[PDB]
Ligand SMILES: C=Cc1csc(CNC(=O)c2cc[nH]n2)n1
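First, one chain by itself in structure tokens, the form solved without the ligand.
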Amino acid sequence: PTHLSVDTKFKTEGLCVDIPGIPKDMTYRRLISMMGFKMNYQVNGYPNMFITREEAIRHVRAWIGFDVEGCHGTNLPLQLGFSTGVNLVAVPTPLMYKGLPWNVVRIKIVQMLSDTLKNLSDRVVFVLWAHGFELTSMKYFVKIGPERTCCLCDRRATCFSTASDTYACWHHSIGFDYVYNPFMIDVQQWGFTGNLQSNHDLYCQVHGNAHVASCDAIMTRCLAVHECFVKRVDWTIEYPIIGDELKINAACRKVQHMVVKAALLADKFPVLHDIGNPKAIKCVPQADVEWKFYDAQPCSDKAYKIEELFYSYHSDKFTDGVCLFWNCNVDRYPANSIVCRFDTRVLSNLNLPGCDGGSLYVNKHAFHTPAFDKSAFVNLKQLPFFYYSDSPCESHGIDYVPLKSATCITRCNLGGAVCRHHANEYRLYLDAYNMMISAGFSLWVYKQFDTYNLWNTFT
């Protein structure tokens, strides 16, 4: 039970308006054959074009919703829609393109998937709400065979060229015309009552239906992401490193210790209510403060209602001391809070678009995060950048230029001039901070927070 068997049954009901008379009894084997593909009994790493739901989830970075609308059938033109927003009209002779024959349409398909996926995945997974034309049109831009490697590198082959009879990964596909060994999954195989728009609209208001194929491709993938990452949560599934994952997470841990440590020095809160991940550790283990923990798993549907986290009768007096919501998404934060809230709008290779305004943040694990809402922070202010250090001014051990900054809160800066050690740490902390901000995180703090109260901790 690692791969999807070709002898598995395929429910064909959703395919009988474009394919009238299609048999009720159908396996993937007969379906791939009907699509115009010969599998030849190949034990070379590609057992089925279609994949399991578990395999689709392990490869979410590769998802591209795909839908074809019969615009007028190898007589009528076909509008090919993709969840990237692209609409290509192929003739059999929001980005809507005019009718062009398959030989040029296929070149555009390879460019679009290559530029979209080269930094995300080693493959493409076509997410469908299959009715007929998308499966039958796959023979016009897809070639299948044994698993292969790139002609220019050691990555897996995702594209083929008829002009040169060579294979390439997403990075080296310039000029390639065919999609090689793609994967696909039909959402309509998961047991849905009603059409695509009806099932999608139950959970999302962001994606409308402007009746173009790309609208259905977007709603398809959005619904597939809700089923796999909103209503079903699997935090065990590990995901390959494709970017700045380790630096972003190290930066987040440094910023948390910094922001919280300074807050406890500046306003000397007797108690700290730490609301969030049930596996949390005290980020400032030397602080005098009464550290109280409360468990709240990363919500993936709607942000927590502050009235349910705190009320119905815990320390109970959350109003006493300070509240820390580190990556804990609530609808309206209290005034006495330190908050790290991820911005689902951020454009990055880690953050994939999600359902109902949310985003799927993929960094080691997959976390669907609810839509950003500036109203959550009405009782708070944006946390300003600062670097605080009580460590001794001692070098031990990178050519220097004197650091001069009003945001370097150290004994040396108070006393007149920043020492080398603290200037190395400042520039390092500023990089880790900038790294965290770029990854999409936001930092918010109680309105009375003032970095001025930190200079007095050097009496």
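A residue's number is simply how far along the shown sequence it sits, counting from 1.
In what follows, reference is made to the form deposited with the ligand bound, a form of this protein that is not presented.
In summary, the binding site of this form is blocked: after superposition of the surrounding C-alphas, the ligand from its pose in the bound PDB entry has 3 or more atoms within 2.4 Å of backbone or C-beta atoms. In terms of contact with the ligand in the bound PDB entry, the residue from 224, 124, 168, 78 that brings a heavy atom within 4.5 Å is 78. For residue 374, no non-hydrogen atom is located within 4.5 Å of the ligand in the bound PDB entry, even though that partner is not displayed. The ligand in the bound PDB entry comes within 4.5 Å of a heavy atom belonging to residue 213.
Within this chain, residue 71 lines the site of the ligand in the bound PDB entry, having a heavy atom no more than 4.5 Å away. Taking non-hydrogen atoms only, residue 383 never approaches the ligand to within 4.5 angstroms in the bound PDB entry.
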